[PDB]
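Participant: Pasting in a structure now, in structure tokens, and then I'll have a few things to ask.
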Amino acid sequence: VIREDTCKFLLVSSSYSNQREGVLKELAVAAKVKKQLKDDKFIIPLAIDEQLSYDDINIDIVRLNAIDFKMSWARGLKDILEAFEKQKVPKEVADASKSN
Amino acid sequence: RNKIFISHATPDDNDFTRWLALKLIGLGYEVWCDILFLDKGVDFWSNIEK
Amino acid sequence: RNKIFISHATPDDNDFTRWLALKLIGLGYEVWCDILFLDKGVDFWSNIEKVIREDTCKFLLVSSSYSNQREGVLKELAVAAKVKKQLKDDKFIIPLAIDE
Amino acid sequence: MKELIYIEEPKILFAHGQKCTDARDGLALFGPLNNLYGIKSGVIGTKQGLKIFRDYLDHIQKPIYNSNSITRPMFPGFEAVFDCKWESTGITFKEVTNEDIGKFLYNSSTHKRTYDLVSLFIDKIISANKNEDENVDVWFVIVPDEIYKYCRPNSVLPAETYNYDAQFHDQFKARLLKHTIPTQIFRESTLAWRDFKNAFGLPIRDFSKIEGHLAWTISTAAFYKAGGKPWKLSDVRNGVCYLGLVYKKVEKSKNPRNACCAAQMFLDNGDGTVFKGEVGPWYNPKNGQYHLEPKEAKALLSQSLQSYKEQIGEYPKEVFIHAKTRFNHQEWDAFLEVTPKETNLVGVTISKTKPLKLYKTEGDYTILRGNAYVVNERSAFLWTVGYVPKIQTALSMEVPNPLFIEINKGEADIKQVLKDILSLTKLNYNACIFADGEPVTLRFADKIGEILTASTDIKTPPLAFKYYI
DNA sequence: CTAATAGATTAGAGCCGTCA
Ligand SMILES: [Mg+2]
């Protein structure tokens, strides 16, 4: 699904997901897929943990522009939506029944 | 090579920088600023240098 | 923190890098290199980040037409900049210009 | 062997026409009905109270967690939930010096010092409302603990003002009624609980594991008091009106002179929900009697019917009068002498003083919530408190008590009455809970009656609930 | 009107627990 179905790789960065084996392996696969396609903005980190300083990030995403969630989640959601609209991520008509 | 680049401190000068960038865009000048034109999920230093 | 890290482009700048590593070892310093001390079958990004963050006193970069704009070199530079900020040493990173 | 019946959960409605059984989950998933833009708050209190309120506002802009996420849903932040701004920058401060507070709380008479303190606060609130430019949605009144300790009616101290209740909260809310200012009262030990401790180094009230629950409750109350609609009932049928009647003792004079207040609920016909107090307090002079004289009963029913007709355009097809007492023949004869011909009037009594407890034979968890036992065609027990499998816990701690519902007058179906009573337990806007144990028609009417019994000068009071709760 | 004996129904205050 990472290699053939994924269009955007959202990563949740926290004190728990930093240095976790499954997360790191999935990040490596996502990096290989990003090189495979012509898309530099394929991996998007989302920082949520106040105890995870911006200087203690793993080497795989130290150079990426992340979306901030610590001070509030509403503006983080708005930032994600604006980024997706700017990058033309595929989507259908809005429907809250699927989430329900 | 027809874009105005605005360098400033962050987040201390976002108010004046946003005002100036919006005014310049309204007057017709192409402006690049990390406040309004830095994409999420990109290698930002390489993009800025480019 | 007594290991001199050497960052270069593999395998375009291997001759100078190996020469410099051998010279610095002969003079008495401790050198970590991509081509002489990385293990076989080990998670290499994690080990490299650990070496840069935990035991590294100098960051000697090899700068040439090849090592400029390289992903591994740039990631190492970013992590080394974080370490320099955390360590309050203004001479932590040292470039070495070898290409005319 | 006796046979029990089960009643399904009623479900409530949220944004985008989505239904849920919980208010916390539906608010975190979907959001509220209407669109507020932002809460501008006025804060009247001391300096440290203002700082405490600012710190609390700064605290609830971020996620707040409980100890267990299954038993208690977490709080994802005020703007994430309610899609509106409530931040400590749109705040206006009205300082209250501590010397005045110390001065007035010493007169050795509860009535006089209570009157003085209520006057002190409402004078500043009224002056700010009348002669200023800033617009305020809710007024947050921060009260020290020393004021809260000594202002209860049965509080010991270690004529003109005697025609008022000796309670700070009720007198404060009644004396601000003719100005119609929504206000929320906070203790200083509620917003900053970590700082107030007993003589052992530990907080007097420990909110460590229930911080998210407190944030949910406070945010919902602030959102509702500022004109927001958090949710509504999803299966209210057309042509049915629910009327709750509650009695209080006026006292504070020669005559106990019992008083009666009402609460009304029905369907808007625009698929909304009309839920407002119906009160011009009706009086009975004889002591100990909780029945209306024919004139007062006629007036009450006529007013309720006229309100329903004006809102809808037609008389109701069904009127349920919920009450905590029985009706006599004079009361119901007076009721029936004004009811229209093609309207069915049913009077139901909901009682709590009836001993009956069911024990599960094996486990340490109580009976399932929506169980009921039908004694007869006109009586039934109903468990509104009990185990809820959704949250993996019960709504009580010991073995819960059921409500004894009796169709006192009229002709109805007890199963539908039980269904409506269970549905009405999902409208406690004064809280953010899974479900209530009593219908809200009998609770908000009680609140209104206890508010407009602390003063005698109130005439034609407002009916919106945001001026009492 | 009034003082007792019941049953049966009403309202008012006030305190304690919420983890695990
Ligand atoms: Mg309230």
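Letters A, B, ... mark the chains of the structure tokens in the order given; residue numbers begin at 1 per chain; ligand numbers begin at 1, in order shown.
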List as a ChimeraX atom specification the protein and nucleic acid residues near segment 14-17 of chain B, meaning an atom at most 12 Å away when only C-alpha atoms (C1' of nucleotides) are counted, but skip any in the same chain fewer than 5 places from it.
Facilitator: /B:5-9,22-24,31-36
Participant: Atoms to include: N, CA, C and O atoms. Write the selected residues as a tab-separated table (two decimals), in the first residue's frame.
Facilitator:
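Saved result, out_27.tsv, follows:
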chain	number	residue	atom	x	y	z
B	5	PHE	N	12.13	39.00	-3.04
B	5	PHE	CA	12.38	38.15	-1.88
B	5	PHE	C	12.41	39.01	-0.62
B	5	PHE	O	13.15	39.99	-0.56
B	6	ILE	N	11.61	38.63	0.37
B	6	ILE	CA	11.55	39.33	1.64
B	6	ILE	C	12.16	38.43	2.71
B	6	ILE	O	11.64	37.34	2.98
B	7	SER	N	13.25	38.89	3.31
B	7	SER	CA	13.87	38.23	4.44
B	7	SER	C	13.57	39.02	5.71
B	7	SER	O	13.60	40.25	5.71
B	8	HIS	N	13.29	38.30	6.79
B	8	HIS	CA	12.85	38.93	8.03
B	8	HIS	C	13.03	37.94	9.17
B	8	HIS	O	13.31	36.76	8.96
B	9	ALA	N	12.85	38.44	10.39
B	9	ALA	CA	12.83	37.59	11.57
B	9	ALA	C	11.45	36.97	11.74
B	9	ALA	O	10.44	37.49	11.27
B	22	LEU	N	1.40	41.68	1.11
B	22	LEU	CA	0.06	41.80	0.54
B	22	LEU	C	-0.07	43.08	-0.29
B	22	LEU	O	-0.66	43.06	-1.37
B	23	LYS	N	0.48	44.19	0.20
B	23	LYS	CA	0.43	45.43	-0.56
B	23	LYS	C	1.18	45.30	-1.88
B	23	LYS	O	0.69	45.72	-2.93
B	24	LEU	N	2.37	44.69	-1.85
B	24	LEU	CA	3.16	44.53	-3.06
B	24	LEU	C	2.46	43.62	-4.06
B	24	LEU	O	2.46	43.89	-5.27
B	31	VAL	N	5.97	38.24	-5.12
B	31	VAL	CA	6.65	38.22	-3.83
B	31	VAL	C	6.78	36.78	-3.35
B	31	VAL	O	5.83	36.00	-3.46
B	32	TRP	N	7.95	36.45	-2.81
B	32	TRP	CA	8.18	35.17	-2.14
B	32	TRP	C	8.44	35.43	-0.66
B	32	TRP	O	9.32	36.22	-0.31
B	33	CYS	N	7.66	34.77	0.19
B	33	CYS	CA	7.83	34.87	1.63
B	33	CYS	C	7.50	33.52	2.25
B	33	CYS	O	6.54	32.86	1.83
B	34	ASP	N	8.29	33.12	3.25
B	34	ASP	CA	8.05	31.84	3.91
B	34	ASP	C	6.73	31.82	4.66
B	34	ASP	O	6.18	30.74	4.91
B	35	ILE	N	6.20	32.99	5.03
B	35	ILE	CA	4.91	33.05	5.71
B	35	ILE	C	3.80	32.54	4.80
B	35	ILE	O	2.94	31.77	5.22
B	36	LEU	N	3.82	32.95	3.53
B	36	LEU	CA	2.71	32.69	2.62
B	36	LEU	C	3.06	31.78	1.46
B	36	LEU	O	2.15	31.39	0.72
Participant: Leaving out segment 2-16 of chain E and any residue of its chain fewer than 3 positions from it, which residues lie within 8 Å of it when counting only C-alpha atoms (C1' of nucleotides), given as a list in words?
Facilitator: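 So the residues in contact are residues 248, 249, 288 and 325 of chain D.
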Participant: Grab the residues selected above and save them as a PDB file, in the first residue's frame with N, CA, C and O atoms.
Facilitator:
ATOM      1  N   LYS D 248     -42.101  25.275  45.168  1.00  0.00           N
ATOM      2  CA  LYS D 248     -41.124  25.739  46.140  1.00  0.00           C
ATOM      3  C   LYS D 248     -41.844  26.480  47.258  1.00  0.00           C
ATOM      4  O   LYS D 248     -43.011  26.862  47.132  1.00  0.00           O
ATOM      5  N   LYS D 249     -41.136  26.676  48.366  1.00  0.00           N
ATOM      6  CA  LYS D 249     -41.657  27.389  49.528  1.00  0.00           C
ATOM      7  C   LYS D 249     -41.045  28.784  49.547  1.00  0.00           C
ATOM      8  O   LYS D 249     -39.832  28.933  49.727  1.00  0.00           O
ATOM      9  N   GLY D 288     -48.416  23.919  53.337  1.00  0.00           N
ATOM     10  CA  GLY D 288     -48.280  22.486  53.195  1.00  0.00           C
ATOM     11  C   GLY D 288     -48.994  21.875  52.012  1.00  0.00           C
ATOM     12  O   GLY D 288     -48.858  20.665  51.788  1.00  0.00           O
ATOM     13  N   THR D 325     -45.621  15.468  42.145  1.00  0.00           N
ATOM     14  CA  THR D 325     -46.727  15.284  43.073  1.00  0.00           C
ATOM     15  C   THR D 325     -47.925  14.713  42.328  1.00  0.00           C
ATOM     16  O   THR D 325     -47.908  14.554  41.105  1.00  0.00           O
TER      17      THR D 325
END
Participant: Within 7 Å of ligand 1, counting only C-alpha atoms (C1' of nucleotides) and all ligand atoms: which residues, as a compact mmCIF listing (two decimals) with C-alpha atoms, in the first residue's frame?
Facilitator:
# COMPACT_ATOMS: atom_id res chain seq x y z
CA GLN D 184 -21.08 32.50 34.97
CA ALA D 221 -21.48 25.89 29.74
CA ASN D 430 -25.79 22.79 32.35
CA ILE D 469 -28.55 28.50 34.85
Participant: Could you please tell me, as an MDAnalysis selection string, which residues of chain C have an atom within 12 Å of chain B when using only C-alpha atoms?
Facilitator: chainID C and resid 68:71 74:75 77:78
Participant: For chain B, which residues have at least one atom within 6 Å of chain A, if we go by only C-alpha atoms? Write them as a PDB file with N, CA, C and O atoms, in the first residue's frame, please.
Facilitator:
ATOM      1  N   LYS B  40       4.440  22.976   2.791  1.00  0.00           N
ATOM      2  CA  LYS B  40       4.622  22.034   3.886  1.00  0.00           C
ATOM      3  C   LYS B  40       5.167  20.709   3.365  1.00  0.00           C
ATOM      4  O   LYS B  40       4.682  20.170   2.366  1.00  0.00           O
ATOM      5  N   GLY B  41       6.180  20.187   4.049  1.00  0.00           N
ATOM      6  CA  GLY B  41       6.767  18.916   3.676  1.00  0.00           C
ATOM      7  C   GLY B  41       7.899  18.986   2.677  1.00  0.00           C
ATOM      8  O   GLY B  41       8.213  17.968   2.052  1.00  0.00           O
ATOM      9  N   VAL B  42       8.524  20.149   2.506  1.00  0.00           N
ATOM     10  CA  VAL B  42       9.589  20.327   1.531  1.00  0.00           C
ATOM     11  C   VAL B  42      10.890  20.599   2.276  1.00  0.00           C
ATOM     12  O   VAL B  42      10.896  21.053   3.422  1.00  0.00           O
ATOM     13  N   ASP B  43      12.003  20.302   1.610  1.00  0.00           N
ATOM     14  CA  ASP B  43      13.323  20.691   2.098  1.00  0.00           C
ATOM     15  C   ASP B  43      13.432  22.203   1.956  1.00  0.00           C
ATOM     16  O   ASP B  43      13.705  22.721   0.872  1.00  0.00           O
TER      17      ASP B  43
END
Participant: Interatomic distance between atom CA of residue 100 of chain C and atom CA of residue 73 of chain C?
Facilitator: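 Calculated distance between atom CA of residue 100 of chain C and atom CA of residue 73 of chain C is 19.6 Å.
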Participant: Please compute the atom CA of residue 343 of chain D-atom CA of residue 278 of chain D distance, one decimal, in Å.
Facilitator: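 Here the two named atoms are 19.5 Å from each other.
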Participant: Which residue is closest to chain C? Choose from A:13, A:36, A:51, A:18 and count only C-alpha atoms.
Facilitator: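 Smallest separation from chain C among the options: A:18.
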Participant: Go through chain A and flag each residue having an atom no more than 7 Å from chain D; for those, report the closest pair of atoms plus their distance in Å to one decimal, using only C-alpha atoms, ordered by chain and rising number, as CSV.
Facilitator:
residue,atom,partner,partner_atom,distance
A:71,CA,D:62,CA,5.7
A:72,CA,D:62,CA,5.1
A:73,CA,D:80,CA,5.9
A:74,CA,D:80,CA,4.6
Participant: Restricted to C-alpha atoms, what would the selected residues look like written as a PDB file, in the first residue's frame?
Facilitator:
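Result file is selection_30.pdb:
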ATOM      1  CA  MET A  71      -0.568  24.947  20.676  1.00  0.00           C
ATOM      2  CA  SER A  72      -3.882  23.923  19.061  1.00  0.00           C
ATOM      3  CA  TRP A  73      -5.264  21.195  16.812  1.00  0.00           C
ATOM      4  CA  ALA A  74      -7.767  23.319  14.856  1.00  0.00           C
TER       5      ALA A  74
END
Participant: Fewer than 6 positions away in the same chain doesn't count, so skip those; otherwise give me all residues within 12 Å of residue 55 of chain A, counting only C-alpha atoms (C1' of nucleotides), as a PyMOL selection string.
Facilitator: (chain A and resi 61-63) or (chain C and resi 53+78-87)
Participant: If we count only C-alpha atoms (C1' of nucleotides) and set the cut-off at 7 Å, which residues sit around segment 28-35 of chain C, ignoring sequence neighbours fewer than 4 positions away in its own chain? Please answer as a ChimeraX atom specification.
Facilitator: /C:2-6,21,24
Participant: Suppose we keep N, CA, C and O atoms; can you now write the selection as a compact mmCIF listing (two decimals), in the first residue's frame?
Facilitator:
# COMPACT_ATOMS: atom_id res chain seq x y z
N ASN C 2 35.05 12.52 21.32
CA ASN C 2 36.43 12.65 20.85
C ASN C 2 36.64 11.96 19.51
O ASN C 2 37.74 11.47 19.23
N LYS C 3 35.61 11.91 18.68
CA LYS C 3 35.69 11.32 17.35
C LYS C 3 35.53 12.40 16.30
O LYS C 3 34.57 13.18 16.35
N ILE C 4 36.46 12.45 15.35
CA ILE C 4 36.39 13.39 14.24
C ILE C 4 35.60 12.73 13.12
O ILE C 4 36.04 11.74 12.53
N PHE C 5 34.42 13.27 12.83
CA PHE C 5 33.59 12.76 11.75
C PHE C 5 34.03 13.37 10.42
O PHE C 5 34.39 14.55 10.36
N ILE C 6 33.99 12.57 9.37
CA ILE C 6 34.33 13.01 8.02
C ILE C 6 33.14 12.74 7.12
O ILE C 6 32.72 11.58 6.97
N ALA C 21 41.76 10.22 6.27
CA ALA C 21 41.47 9.37 7.42
C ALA C 21 42.72 8.65 7.90
O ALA C 21 43.00 8.60 9.10
N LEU C 24 45.07 11.20 9.60
CA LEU C 24 44.61 11.61 10.91
C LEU C 24 44.71 10.48 11.93
O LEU C 24 44.97 10.74 13.11
Participant: Identify, with DSSP run on backbone atoms, the residues in segment 48-226 of chain D assigned to helix (DSSP H, G or I), and express the list as number ranges by chain.
Facilitator: D: 48-59, 78-82, 98-104, 110-130, 145-150, 168-175, 188-191, 211-225
Participant: Provide the atom CA of residue 348 of chain D to atom CA of residue 368 of chain D distance in Å, to one decimal place.
Facilitator: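 So the two atoms, atom CA of residue 348 of chain D and atom CA of residue 368 of chain D, lie 24.4 Å apart.
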Participant: Find the residues of chain D in contact range of chain E, meaning any atom within 10 Å when counting only C-alpha atoms (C1' of nucleotides), and list them as a list in words.
Facilitator: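 Residues of chain D within 10 Å of chain E, counting only C-alpha atoms (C1' of nucleotides): residues 67, 68, 153, 154, 206, 207, 208, 209, 210, 247, 248, 249, 288, 289, 290, 324, 325, 326, 353, 396 and 397 of chain D.
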Participant: Write the selection just made, keeping C-alpha atoms, as a compact mmCIF listing (two decimals), in the first residue's frame?
Facilitator:
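So again.txt came out as:
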# COMPACT_ATOMS: atom_id res chain seq x y z
CA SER D 67 -6.68 8.95 33.09
CA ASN D 68 -8.82 6.57 30.99
CA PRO D 153 -28.02 30.07 54.84
CA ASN D 154 -26.82 27.66 57.57
CA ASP D 206 -8.28 16.57 43.20
CA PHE D 207 -9.01 16.95 39.48
CA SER D 208 -5.84 15.15 38.36
CA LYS D 209 -7.65 12.29 36.60
CA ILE D 210 -10.74 14.26 35.50
CA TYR D 247 -43.29 23.73 43.74
CA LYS D 248 -41.12 25.74 46.14
CA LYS D 249 -41.66 27.39 49.53
CA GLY D 288 -48.28 22.49 53.20
CA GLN D 289 -50.53 22.15 50.13
CA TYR D 290 -48.99 21.64 46.69
CA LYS D 324 -43.32 15.26 41.32
CA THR D 325 -46.73 15.28 43.07
CA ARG D 326 -50.24 13.98 42.49
CA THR D 353 -39.03 7.61 47.11
CA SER D 396 -23.54 5.62 39.83
CA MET D 397 -21.30 3.93 42.42
Participant: Name the residues of chain C that fall into strand (DSSP E or B) according to DSSP on the backbone, using the chain letters and numbers of this document, as number ranges by chain.
Facilitator: C: 4-7, 31-32, 58-63, 93-97
Participant: Env of residue 7 of chain A: 9 Å cut, atoms = only C-alpha atoms (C1' of nucleotides), seq-sep filter 2 positions within chain, self excluded. Answer as a list in words.
Facilitator: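 After dropping sequence-adjacent residues, the list is residues 2, 4, 5, 9, 42, 89 and 90 of chain A.
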Participant: Would you put the residues from that selection into a file with N, CA, C and O atoms, as an mmCIF file, in the first residue's frame?
Facilitator:
data_model
loop_
_atom_site.group_PDB
_atom_site.id
_atom_site.type_symbol
_atom_site.label_atom_id
_atom_site.label_comp_id
_atom_site.auth_asym_id
_atom_site.auth_seq_id
_atom_site.Cartn_x
_atom_site.Cartn_y
_atom_site.Cartn_z
ATOM 1 N N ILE A 2 2.043 1.197 0.634
ATOM 2 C CA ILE A 2 2.945 2.345 0.575
ATOM 3 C C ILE A 2 3.490 2.535 -0.835
ATOM 4 O O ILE A 2 3.630 3.669 -1.309
ATOM 5 N N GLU A 4 2.227 1.334 -3.872
ATOM 6 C CA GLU A 4 1.324 1.337 -5.014
ATOM 7 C C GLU A 4 0.010 2.072 -4.795
ATOM 8 O O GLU A 4 -0.724 2.269 -5.770
ATOM 9 N N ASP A 5 -0.316 2.484 -3.572
ATOM 10 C CA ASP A 5 -1.613 3.104 -3.326
ATOM 11 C C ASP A 5 -1.480 4.471 -2.666
ATOM 12 O O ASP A 5 -2.322 5.349 -2.878
ATOM 13 N N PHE A 9 2.169 10.749 2.529
ATOM 14 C CA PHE A 9 2.637 10.021 3.706
ATOM 15 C C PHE A 9 2.635 10.980 4.892
ATOM 16 O O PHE A 9 3.602 11.714 5.116
ATOM 17 N N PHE A 42 6.291 14.514 -0.560
ATOM 18 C CA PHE A 42 5.580 13.255 -0.393
ATOM 19 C C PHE A 42 5.416 12.848 1.065
ATOM 20 O O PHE A 42 4.493 12.090 1.379
ATOM 21 N N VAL A 89 -4.200 17.068 -3.678
ATOM 22 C CA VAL A 89 -4.379 15.679 -3.234
ATOM 23 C C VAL A 89 -5.768 15.203 -3.642
ATOM 24 O O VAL A 89 -6.747 15.953 -3.473
ATOM 25 N N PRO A 90 -5.910 13.996 -4.194
ATOM 26 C CA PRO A 90 -7.235 13.536 -4.627
ATOM 27 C C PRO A 90 -8.212 13.433 -3.465
ATOM 28 O O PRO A 90 -7.838 13.114 -2.335
#
